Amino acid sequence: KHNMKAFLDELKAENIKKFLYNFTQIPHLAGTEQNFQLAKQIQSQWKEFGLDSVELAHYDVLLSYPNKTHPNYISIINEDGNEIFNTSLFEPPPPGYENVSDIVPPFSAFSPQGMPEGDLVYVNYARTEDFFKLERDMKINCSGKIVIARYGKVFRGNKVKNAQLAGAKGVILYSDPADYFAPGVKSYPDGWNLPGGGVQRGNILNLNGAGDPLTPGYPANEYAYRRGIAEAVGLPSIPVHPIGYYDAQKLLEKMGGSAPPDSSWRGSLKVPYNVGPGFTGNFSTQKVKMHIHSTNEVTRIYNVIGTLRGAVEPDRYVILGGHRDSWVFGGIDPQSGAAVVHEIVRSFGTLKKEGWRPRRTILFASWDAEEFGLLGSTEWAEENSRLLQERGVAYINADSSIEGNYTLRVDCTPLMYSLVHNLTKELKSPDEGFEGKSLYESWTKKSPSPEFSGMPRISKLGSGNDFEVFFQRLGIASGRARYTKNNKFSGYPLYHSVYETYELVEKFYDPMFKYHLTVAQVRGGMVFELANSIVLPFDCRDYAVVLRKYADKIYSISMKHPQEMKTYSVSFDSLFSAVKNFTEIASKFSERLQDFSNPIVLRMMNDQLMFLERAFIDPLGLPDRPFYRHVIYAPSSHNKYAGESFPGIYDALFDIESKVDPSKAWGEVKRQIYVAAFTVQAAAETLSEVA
């Protein structure tokens, strides 16, 4: 038979390994020839594997690259302007790759050019609260200073935005061993830790869902009208550059001024972690000087889009997508995900060659330019938004399959919780000590839910990956799953470094490719059930439970300000009412879905399930973030990787005790409560009987 078991059994660890090796021998940086060649290869293979159609969708988007003949670096400069110390021009290449060409040196993509010189201020992780501590509590002024911040905790674009608004004139990002060197493990090539010469690449945009900086709202096709650079979305206004911890030690060791305010500000280097302005007495006249010469350049990118046409509902799309561009070799990020997608396509294609077709259409995507701001997925979604809006069932992401080897990690919409619980109960655990036990059992034991006993942790979707446009802009039910470590937002130690190689994975992460195989079963299994189940496998009652938890949480935040809630008559009654109504209606809808031979009622009902995530979309978007339209979830305004619930109310309450016009600030809290209550009620009403 052709059922999910047939699909799952066809998946092979050995194939995932072969594909990973194949995808990671040379760099595949977005906009380069090597990445176009890999695009064409995947297009050819997906055709051979059996898909109905496989096309490249290309766009011309703003990318950013260092100047090959004018390298980026940072100096300590003495009183006469002699550069007495320079940071590295490249990461030492790993064994056997020392002759690979076209390894892009470390740089912060989209940094403007400049050569700012000044005194350093150390800002810990450069979080919103780190800057509050400096400015409000320690009275340190960052204006006209070069800030040095350690990577970790939040997306680097948020760090740069926060430094910019503090008045910094440049930002230096570095990897501290406290966050990127696990105790008792060796540096790469002998273990999975970051060496002191290693450096994390990454873009520093603040696009808030816009896609290509030059074409917000519309695909960057051949006739697109582009904004000028000065009106581009999301570009930083000060130079930025990342360095390793050998170099950081040299910049930090001389730091003077104030001591760190407490131990949460001290990393693991043998330096005091003084916050500064500037260096200690002997060196008080030395300054730090950046030299940044990278250029932004409109460059063609290529998505591969494969279609397996549905036998019964070809106008319903279940999408499995992940990116293909990498900073260097992409051994984990993204190729451990891409190899998984490739083997899923192969397995579905095997069934198809035996005469099977899924009920609904499955679309497979190899996105480009994810590393430069989710550009490939976003431009494609902009181009196809009307098809996706009216036909998109679900989107499953497929970036890195592993970031550890401890247990499963799933982040998804509540609509998919039951599907995930059920699927994982049917899959074998790959974990040592759980042989013959289900994945559900090992996962629940290692990652217990903080709310529910005997349930595994499933997180909200944040952002920093290609599901953003589908979920937060378009309101298509989305999910992601990977193997993870025992933290969360900093990246594994060799994240976005030249050391992320095939050997890293094969030697230290997943020698048997059993965790990759388990991830292929979870992602592929989800796609299979979404594309094949007669009734869409969404449970609206799970959304009701979570909405109540989020309503309690946002209410609790507001209740830190009881006097203001009295003065301004701030009531959450409408929101709790809406959540109660959603709970009641969802219960009744579930009864009809269980209690209803009628394909019209069925599909009516499948349409109600598909459009439920869609109902949380507000076409006016969130304040000053028009591409974040989901009212229940948005990327945190302080950390793009993290999800925030009731973001419009959350942001209206954030730091409210500091606003100069409390009447106006509390009015806006009330406005956002109205918007949230209305949207919850409206979503509930889509589940009522239709007439």
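Numbers follow the displayed sequence, beginning with 1.
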message = Going by the PDB record, how many residues of the deposited sequence fall between residue 596 and residue 597 without any coordinates: none, 1 to 3, 4 to 9, or 10 or more?
response = 1 to 3
Gap size between residue 238 and residue 237, counted in deposited residues that the entry leaves unmodelled = none
Between the two ranges 328-336 and 224-232, the one averaging a larger CA B factor in the entry = 224-232
request  = With reference to the PDB entry, specify whether the mean Cα temperature factor is higher for 603-611 or for 428-436.
outcome  = 428-436
query = Among 67, 64, 41, 636, which carries the highest Cα B-factor?
reply = 67
inquiry  = Sorting 523, 201, 159, 266 by Cα temperature factor from the record, which one lands on top?
reply    = 266
request  = Relative to the other modelled residues of the same chain, rank the CA B-factor of residue 357 and answer lowest, middle or highest third.
outcome  = highest
task = State the tercile, meaning the lowest, middle or highest third, of residue 665 with respect to the CA B-factors recorded for its chain.
result = middle
request  = Can you work out whether the C-alpha temperature factor of residue 394 puts it in the lowest, middle or highest third of the chain?
outcome  = lowest
inquiry  = Sorting by Cα B-factor within the chain, modelled residues only, which third would residue 618 end up in: lowest, middle or highest?
reply    = lowest
request  = Give the position of residue 302 by CA B-factor within its chain, expressed as the lowest, middle or highest third.
outcome  = lowest
